[PDB]
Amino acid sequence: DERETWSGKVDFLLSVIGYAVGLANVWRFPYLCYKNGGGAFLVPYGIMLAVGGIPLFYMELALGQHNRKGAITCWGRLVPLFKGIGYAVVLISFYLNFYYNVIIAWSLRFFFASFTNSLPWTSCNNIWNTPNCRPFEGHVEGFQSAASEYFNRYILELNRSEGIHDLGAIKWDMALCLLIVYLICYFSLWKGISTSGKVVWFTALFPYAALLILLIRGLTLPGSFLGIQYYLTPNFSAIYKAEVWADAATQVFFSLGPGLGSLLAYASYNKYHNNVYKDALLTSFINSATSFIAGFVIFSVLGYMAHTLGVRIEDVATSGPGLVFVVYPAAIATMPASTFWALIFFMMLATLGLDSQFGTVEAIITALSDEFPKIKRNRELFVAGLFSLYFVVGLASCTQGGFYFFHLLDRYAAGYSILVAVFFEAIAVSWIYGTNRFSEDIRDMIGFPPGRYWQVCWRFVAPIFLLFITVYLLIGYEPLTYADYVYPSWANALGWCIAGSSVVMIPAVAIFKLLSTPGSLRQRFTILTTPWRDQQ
């Protein structure tokens, strides 16, 4: 089996860097620092990054470069009993793309809207406004701000929907934007990594261009320093609370994104003897250092808001699409040279989203290609196939009720799935396959065994830190709601179906691919425990 290789090494590094650094670096990590003790949040975040995140990040990268195949085949060739870990992970990626791509479309619809002398979301006297319109954020829900009203009444038209049952009309001015984001991935992924590794040059490096000029802009702002206090000023009593230790753990895991077969896939196109330990440590550090930089560009202007604009930090220090689509653009409309800072900011949102979706799909193409030879044969027209299923189910997120669709998939489709799909990923390679064999594997590639530190981290703290996240993520489960809208009972259930449908194939394939092989029980448990390498 002779497979394509990276036409240059930084092609791989940028594609990994681009996949790892994404929206969560800018629209969640800063809020977590502000909410969990500032600089004192970096200690539990640093520890859960050393024992939790990087070991999982390092492992998948080594697994990719070593077994030279995508997620489906790779996990089949490791523990045949757990080949459904492959199918689960490619299903989670699949579900994720049904919803994670509209955030890119939102940031593009704003990009097109910033071509004017006066940006449309600054005043409260347009067709789409209400008497409850205030200039900026406040304590109360019923009286929203001018940018809150531009997003929910002109872009989404969310107010014209009575819930998930009423998607209503279909936003034809915005279904277009989701079409643009799907071409830019086509013309960069149909030719393999030959062109993908080249496109990521722009979309993984442009964020740092945008981060730099927005950093120098936000720092030479009245009240800039004030924000940096709200961001880093220590409060070490946070360290004592398990919530920041959980918030650290869950932020570290989801922001590094190991397990989806994307780092598997990206590394599976590497030269076998590449120093993957160096690549893991470097790119994982770029990911966290980017978040630190991102907090300064975010909270500097957040400070310019509490000073020059007179708002509570409580009312503007948020996270998620609220921060990048209502509050931060509201600052932009006020500053001088306003519309310039908006264009490069919304491109930063788009370029931060594209590389990270390049990874999720590539996890699919190189997992399906390397398992079925027919699909590998016509990659250019298979990557045309699923990019139509993503777009057709994707106009649902483009209806007036599209946000109700996006939110349901956000809390259900992949969040709970991948956590247990990786917990099984963890103890599969660490106890079934063994750290004995795994240390042997990377010593043969890079020349030295991983220290005892990495294997005790892979064997003990990896599943605990995983359970520590899953437990925390469960005790914060209320039935799904948004604002005054409580979803119907059946919508919570269908969400649990999308969550289970991916990870159900863990014991499925197991049970299927168990009886399907011959022999007695124990005499067959070892047939599905003997790895593909140990067979030749």
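All residue numbers are counted from 1 along the displayed sequence.
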| note | Ranked by mean Cα B-factor in the entry, 56-64 and 507-515, top stretch is 507-515
| remark: Between 320-328 and 113-121, the record assigns the higher mean Cα B factor to 113-121
| note | The largest CA temperature factor among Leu256, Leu408, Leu176, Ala289 is found at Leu176
| Lowest, middle or highest third: where is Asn101 by C-alpha B factor in its chain? | middle
| task | Among all modelled residues of this chain, ranked by Cα B factor, put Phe12 in the bottom, middle or top third, i.e. lowest, middle or highest. | result | middle
| Assigned third (lowest, middle, highest) for the C-alpha B factor of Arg443 | lowest
| message | How does the C-alpha B factor of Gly295 compare with the rest of the chain: lowest, middle or highest third? | response | lowest
| task | Name the third of the chain's ranked CA B-factors that contains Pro44, choosing lowest, middle or highest. | result | middle
